[PDB]
Amino acid sequence: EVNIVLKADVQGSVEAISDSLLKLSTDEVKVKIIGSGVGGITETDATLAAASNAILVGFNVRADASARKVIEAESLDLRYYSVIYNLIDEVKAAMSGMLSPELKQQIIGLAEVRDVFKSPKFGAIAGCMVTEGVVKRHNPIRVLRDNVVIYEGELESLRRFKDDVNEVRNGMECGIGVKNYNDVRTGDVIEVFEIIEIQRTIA
RNA sequence: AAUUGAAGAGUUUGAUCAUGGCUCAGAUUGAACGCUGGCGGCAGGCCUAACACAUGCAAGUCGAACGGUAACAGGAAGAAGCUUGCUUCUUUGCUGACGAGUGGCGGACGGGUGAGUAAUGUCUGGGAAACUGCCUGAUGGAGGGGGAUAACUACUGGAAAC
RNA sequence: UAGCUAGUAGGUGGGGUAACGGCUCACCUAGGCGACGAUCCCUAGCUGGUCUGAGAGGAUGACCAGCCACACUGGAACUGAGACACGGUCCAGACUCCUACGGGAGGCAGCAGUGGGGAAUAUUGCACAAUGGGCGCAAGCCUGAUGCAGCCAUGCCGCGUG
RNA sequence: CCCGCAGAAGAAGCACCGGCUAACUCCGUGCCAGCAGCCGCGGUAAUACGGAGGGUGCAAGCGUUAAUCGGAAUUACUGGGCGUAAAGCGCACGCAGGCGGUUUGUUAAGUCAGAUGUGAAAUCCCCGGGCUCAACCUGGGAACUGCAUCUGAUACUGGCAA
RNA sequence: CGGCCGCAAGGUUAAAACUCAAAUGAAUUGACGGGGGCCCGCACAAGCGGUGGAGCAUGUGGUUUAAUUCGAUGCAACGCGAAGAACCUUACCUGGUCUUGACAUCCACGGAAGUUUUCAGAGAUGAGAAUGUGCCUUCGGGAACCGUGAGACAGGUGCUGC
RNA sequence: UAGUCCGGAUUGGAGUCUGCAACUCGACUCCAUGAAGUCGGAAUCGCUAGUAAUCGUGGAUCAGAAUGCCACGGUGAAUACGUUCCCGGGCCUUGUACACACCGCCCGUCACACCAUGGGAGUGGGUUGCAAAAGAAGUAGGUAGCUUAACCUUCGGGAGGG
RNA sequence: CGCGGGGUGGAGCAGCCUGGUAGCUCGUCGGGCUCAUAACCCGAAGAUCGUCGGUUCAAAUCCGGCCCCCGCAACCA
RNA sequence: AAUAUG
């Protein structure tokens with residue numbers, strides 16, 4: 001959840017911004033006001049938002065010296081809004097910032113393995129041929145057989161024989177190994193893929 | 001005419017006596033909170049932030065110190081309107097007075113506060129090298145002259161204070 | 001907290017103050033204070049008293065009264081009998097307000113009262129009728145000193161609820 | 001402040017009840033819930049919890065909490081201890097400090113006696129007086145255990161001499 | 001922790017927060033000691049014959065089951081309560097049945113009690129057909145006994161031997 | 001001298017008896033079958049004289065139902081040198097941190113839960129010594145210039161001030 | 001196991017080329033001891049010697065195949 | 001010889 005402490009000059013303003021604040025609140029991030037004030041912003045107002053862990057916000061009215069003493073000691077942000085629509089916007093922006101949802105992935109390259117080599121003590125070592133896209137060291141991979149995923153991981157070695165390289169491109173012979181894994185045979189497929197976040201704003 | 005007074009208990013151990021702590025019965029406050037609350041007398045009532053402050057009020061007063069009319073309260077003189085005996089309205093510091101001002105005395109008292117101060121402080125007992133308007137007792141002078149300046153007038157810099 | 005002191009300790013001369021004085025200067029001498037606790041740090045307004053205690057003692061300094069210190073922070077002087085001045089002044093600093101933004105104004109640790117602090121402490125009252133001050137020959141004016149009321153079971157004491 | 005009118009009319013709560021400590025049973029809960037100042041109560045017959053009845057204390061207050069002293073001879077001067085319970089330095093020599101055999105003279109510092117000045121007033125205390133009495137207010141006395149100076153005493157201690 | 005001292009290890013000097021309601025000395029009675037003395041018992045020693053192996057009896061635990069009734073569990077339970085489970089005993093189990101009742105006291109009312117027999121049902125049992133009319137009392141009746149109905153009640157080897 | 005003319009388990013067939021009843025679940029007989037077992041691990045029990053041991057008999061219980069229990073008799077022993085030792089018990093004395101009594105009590109690591117606190121490179125504030133910079137305002141000292149009513153004057157200016 | 005050391009009971013070992021009997025520690029399950037428990041003591045369970053053949057009175061450790069694990073060379077980009 | 005815990 002996110003907490004706010006709001007202290008306005010007038011009694012109408014706490015009643016007006018409380019009505020909009022219960023619209024913003026939702027299961028994803030819950031917002032609540034704690035100890036709504038009327039009048040000058042004090043030490044005891046700032047101490048409550050230090051106790052509860054909360055944002056210190058103000059309508060027209062602004063901080064006293066004894067409120068500044070608490071803010072300079074224990075850092076709590078002070079933002080006052082004399083325009084109420086921008087105040088209803090800025091709480092929503094704080095709630096939106098708390099959220100960070102993921103969404104999607106897409107292949108960078110796809111490769112088929114052919115002509116296996118196989119250590120007695122260090123497992124199978126796969127020759128590959130990239131059929132589409134760019135195969136690259138620095139991103140997640142999906143090892144699949146017959147459309148089921150055998151393993152997922154990050155590439156350890158992109159390396160035909162001794163030719164260790166960060167990236168290699170379609171239509172070219174490659175050699176391949178994945179971190180903490182050595183079960184890559186013949187007729188397996190590697191899909192290497194880049195990942196996409198969404199970071200959606202709150203409703 | 002007289003200065004009168006001192007209580008203990010519980011609790012270590014199976015039980016005892018010591019040593020010994022902890023706790024309670026007493027009286028009290030510049031008190032708070034809880035529950036309850038009819039009236040009267042007398043006394044007390046921001047101990048915390050010497051933290052910050054709206055508005056009103058908390059030191060002025062003398063015309064028997066002096067120019068003066070800024071008043072307004074009359075009189076007198078005078079001019080008018082006529083009602084010829086009256087109101088009306090200009091002059092006049094003449095006057096009962098009195099804003100602003102000059103000058104006198106008070107503003108150092110009365111009141112608030114406990115921040116700083118462990119000794120320039122305070123309290124108690126002494127001292128000399130001193131002053132002391134206002135208040136008193138004692139003895140004498142209180143003669144004769146001059147130049148300014150605020151107020152007020154004539155202007156002017158200034159948003160406002162000035 | 002065991003060593004601390006150069007105007008430090010003493011003398012002469014000059015200057016200074018109402019007056020004594022390293023008070024302040026020039027020169028000369030090398031002392032001064034120190035375990036009967038110097039110096040340094042922390043903490044604290046002090047006393048007549050209050051409270052407790054059989055007394056000795058202990059704790060404590062609200063109210064009342066005496067005295068000192070402080071007056072937004074820091075420093076200085078003037079006027080005056082007396083101030084290095086709570087509601088006088090000048091300058092700097094912090095901070096609040098006003099403004100034509102150039103530049104100015106303000107100091108409730110006076111009485112009421114408000115914000116804030118905090119467990120918690122009051123009415124933006126009435127009158128100079130009385131006592132006592134300030135001015136004045138006096139009338140008289142001024143006096144949130146003081147006398148009074150309002151508010152709270154806060155305390156003491158009296159009375160009732162037959 | 002006094003008189004008159006009406007009619008028991010308008011006006012009693014609070015804590016506590018196992019021992020300490022004045023004041024007892026039943027019911028509900030069943031080592032749960034909770035009480036608790038201290039030692040402790042409650043795990044199916046709870047005089048200790050919760051409720052009810054009865055009882056005890058105190059009164060327009062009652063109780064809890066915080067704060068101070070008392071009890072506490074538990075910092076012990078008056079008024080405690082140190083063989084084994086907390087407590088005699090591991091032991092010795094020694095400066096500063098404390099204390100000192102016995103005789104006479106002298107001084108009068110300490111000490112003891114008397115007097116004067118001072119020990120603010122309020123307070124405290126006693127005897128009185130005035131508010132319906134009391135609280136409260138107030139007359140006078142005593143008190144203010146102290147200190148300084150002067151005049152005396154010389155046993156004891158100190159100084160000084162033999 | 002700080003100062004001082006020491007080459008260093010360390011010594012000397014020396015707290016507070018916090019926690020517990022006890023910590024502790026001597027002494028008394030008892031128990032305990034792989035502490036000591038003395039002393040006794042099929043305790044050992046000296047012997048005899050057995051158990052523990054085997055088969056069977058009876059009992060217990062465990063196991064299983066619709067039920068394997070309940071209690072007894074170191075010596076001081078385990079051929080025990082049980083001096084004797086084919087039904088009964090018998091409590092436990094599956095069915096079939098009754099609810100003032102199988103069994104006692106009590107009230108009211110009718111019918112002597114009773115000896116005979118049959119069908120249906122596993123039996124408990126219901127439903128019949130038979131037969132009899134007894135001691136005292138004026139038979140006004142009852143005392144014995146059976147059936148019906150009411151409610152006070154009857155019942156429990158259900159639980160708690162802390 | 002052997003699994004036997006030793007031992008009788010188990011099982012088949014046919015009977016008897018008590019009783020409403022003999023299937024799971026009786027006793028007993030008759031014929032037939034003839035497991036294991038050839039003296040039993042560590043360990044452990046009883047008994048000191050008509051006893052141990054060994055062979056029979058009777059009763060209570062009871063319709064039928066002992067290898068149990070209770071009772072009776074026949075035959076009938078071994079060995080006790082001794083209290084070193086084990087076990088159990090009594091008395092005296094000693095030690096004790098034990099007192100629901102050694103089946104008592106209780107120590108620390110490590111883990112755990114709870115609780116408080118020290119050091120701390122440093123970082124950010126207040127206060128403040130020392131060395132430099134800074135120098136408002138005010139006072140004190142020195143002053144060319146600018147400016148100047150009182151006093152002095154030869155009337156040009158001086159004295160003196162700002 | 002390309003070459004190394006091993007394949008024994010539940011685990012770890014001994015039995016060795018010196019071919020005539022697979023036993024010993026910790027465990028497993030029971031019994032005893034103790035007031036009880038651990039400890040201790042007494043017992044019982046548990047094997048084609050991986051798998052096969054050469055072997056030979058009989059392969060028992062002796063041999064070689066099949067096979068498995070590990071040793072390292074290596075089927076070790 | 002050696003003997004632990006409740």
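A description of helix α2 (residues 43–52) should follow, citing residues and the corresponding values.
Buried residues of α2: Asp 45, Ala 46 and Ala 49, and no others. In a view along the axis of α2, the buried residues occupy a sector of 95°, so they form one face of it. More than 90 degrees from the buried face of α2, the exposed residues found are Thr 44 and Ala 51. Buried positions along α2 lie against β1 (2–8), β4 (55–58) and α3 (65–73). Immediately downstream of α2, the backbone of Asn 53 shows phi near 70°, a positive value.

I'd like a description of the pairing of strand β6 (residues 102–119), backed by residues and values.
Where β6 and strand β13 (residues 189–197) come together, nine bridges link them in antiparallel fashion. When the sheet's bridge partners are listed, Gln 106 is paired in β13 with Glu 194.

How would you summarise the pairing of β1 if you had to cite specific residues and measurements?
Across the seven residues that make up β1, a large majority, seven, are buried. Of the two faces of β1, the one holding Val 2, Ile 4, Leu 6 and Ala 8 and the one holding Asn 3, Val 5 and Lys 7 are both buried throughout. The pairing of β1 with strand β2 (residues 31–33) spans three bridges and is parallel. When the sheet's bridge partners are listed, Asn 3 is paired in β2 with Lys 32. Handedness of the crossover joining β1 and β2 through helix α1 (residues 11–24) is recorded here as right-handed. Bridging between β1 and β4 involves four bridges; their strand directions are parallel.

Account for the packing of aromatic side chains, naming residues and giving values.
Tallied over the entire structure, the rule returns two aromatic pairs. When the centroid spacing of 5.4 Å and the interplanar angle of 50° are considered together, the rings of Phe 117 and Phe 161 count as tilted. Highlighted residues: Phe 117 in strand β6 and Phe 161 in the loop between β9 (148–160) and β10 (163–164), separated in sequence by 44 residues. A residue is classified by how much of its surface remains accessible, and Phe 117, at 38% relative accessible area, is partly exposed. The exposed category is assigned to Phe 161, whose relative accessible area is 55%. Where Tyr 151 meets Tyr 181, the ring centres are 4.1 Å apart and the plane angle is 5°; that geometry is what we call stacked. Highlighted residues: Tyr 151 in strand β9 and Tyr 181 in the loop between β12 (173–178) and β13, separated in sequence by 30 residues. Here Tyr 151 falls in the partly exposed class, since its relative accessible area comes to 23%. By relative accessible area, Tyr 181 is classed as buried at 10%.

Which residues make up the state of the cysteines, and what are the values?
By definition, a disulfide links the sulfur atoms of two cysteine residues through a covalent bond. In the structure shown here, the tally under the stated rule is one disulfide. With a sulfur-sulfur separation of 2.0 Å, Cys 128 is cross-linked through a disulfide to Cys 174. Of the two residues, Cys 128 is situated in strand β7 (residues 123–136) and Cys 174 in strand β12; the sequence distance between them amounts to 46 residues. With respect to burial, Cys 128 and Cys 174 carry one shared label: buried.

The rules behind each value
Residues numbered from 1 in each chain as written, not as in the entry; some residues may be left out. Chains lettered and ligands numbered in written order. Part of a larger assembly, values for the part shown. Heavy atoms only, no water. Buried < 20%, exposed > 50% of the residue type's maximum accessible area, 1.4 Å probe, protein only. Helix = DSSP H or I, 4+ residues; strand = E, 2+ residues; numbered from the N terminus. Arc of directions from axis to C-beta. Contact = heavy atoms within 4.5 Å. Pairing = 2+ DSSP bridges. Right-handed = clockwise from strand over helix to strand, strands pointing away. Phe/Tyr/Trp six-rings, centres within 6.5 Å; stacked < 30°, edge-to-face > 60°. Disulfide = S-S within 2.5 Å.

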